[PDB]
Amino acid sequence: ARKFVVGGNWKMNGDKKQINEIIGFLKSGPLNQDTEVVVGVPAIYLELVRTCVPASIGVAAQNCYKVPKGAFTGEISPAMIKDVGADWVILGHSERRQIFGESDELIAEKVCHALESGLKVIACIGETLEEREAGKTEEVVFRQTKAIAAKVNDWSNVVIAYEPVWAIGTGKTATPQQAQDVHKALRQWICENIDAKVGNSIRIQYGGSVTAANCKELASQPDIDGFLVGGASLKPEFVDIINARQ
C-alpha cells in the first residue's frame, strides 16, 4: 500500500521563536505511526529546523536550483540542502510557477537534479480557474507532469502534490470528490504514460485547503495519499491533519 504522506509547507513564515512553537507541536502532539511527515521551511532556517526535528520527520527546502553551484545569486542547490542535513525539497509550487514564473521545463530540470543529488522531492502541479473553466484541467496537469517525467527515470523518491489553484478566491474549496477525480485521472495518466507500477506506488498529495474539519474525508479518498498543507502547518491543527487516517 501507499504510505500516507503529509507535508507542511510553511511558505514565507517563521522565526526562531515561532519555529520552537511549531516543532513543539510535532514533538508533543501524538503522531500517527503510519504517516510520513515532511516540513517545508525557509532556507535561512533549514539547518536549525533539521537539528530540532526528529530524524523520522523529513525537512524540506521550499525550492532549489538545477546545478550544484554557479553564478545564480539568490539560489541554493541540492548539495547545500544536503550539506545541512535536509533530505527533502518542494518544487514547482504554484506560487513559484505563477508569481515567480518558473516554467514546466525549469521545474523538471530542478526535480531531476534534486533526485540525482540525493533529495526526496515533492513536485507540485495544478490548474488555474481559467484553465479549469476552459475545461483544461487534465491538459494542464498532464503537461506539467509530462515535463517532469521527461527528465525523471526513477520516481521512488518522488511525491506529487496536486494544487487546486482554481479554488483560490472562489469562495469554496474543491470538494473531496473533485479532488479525488483529479488524483485518479493523474494516476491513470501515470500508469499509461510512465508505468503501471509507478502509478500504483506514487503518492499524490492533495494540495488544497486542508483543515481539521475536512482532512478525514479528504484522506479517505481512494487516490489521495496525503497533503501538502499550507497555513494549517503553522498551527497545532497540523497534528490533526497528520492523523487524518486515524
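The first residue of the sequence shown is number 1, and the count goes up from there.
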Select between 7-15 and 230-238 the stretch whose C-alpha atoms have the higher average B-factor in the entry.
230-238
Taking the recorded C-alpha temperature factors, which stretch has the higher mean, 164-172 or 121-129?
164-172
Of the choices 204, 61, 213, 218, which one's C-alpha carries the largest B-factor in the record?
213
Go through 41, 179, 185, 194 one by one and give the residue whose Cα B-factor in the PDB entry is largest.
194
Among the modelled residues of this chain, does the Cα B factor of residue 153 put it in the lowest, middle or highest third?
highest
With respect to C-alpha B-factor, does residue 99 fall in the lowest, middle or highest third of the chain as deposited?
middle
Lowest, middle or highest third: where is residue 81 by Cα B-factor in its chain?
highest
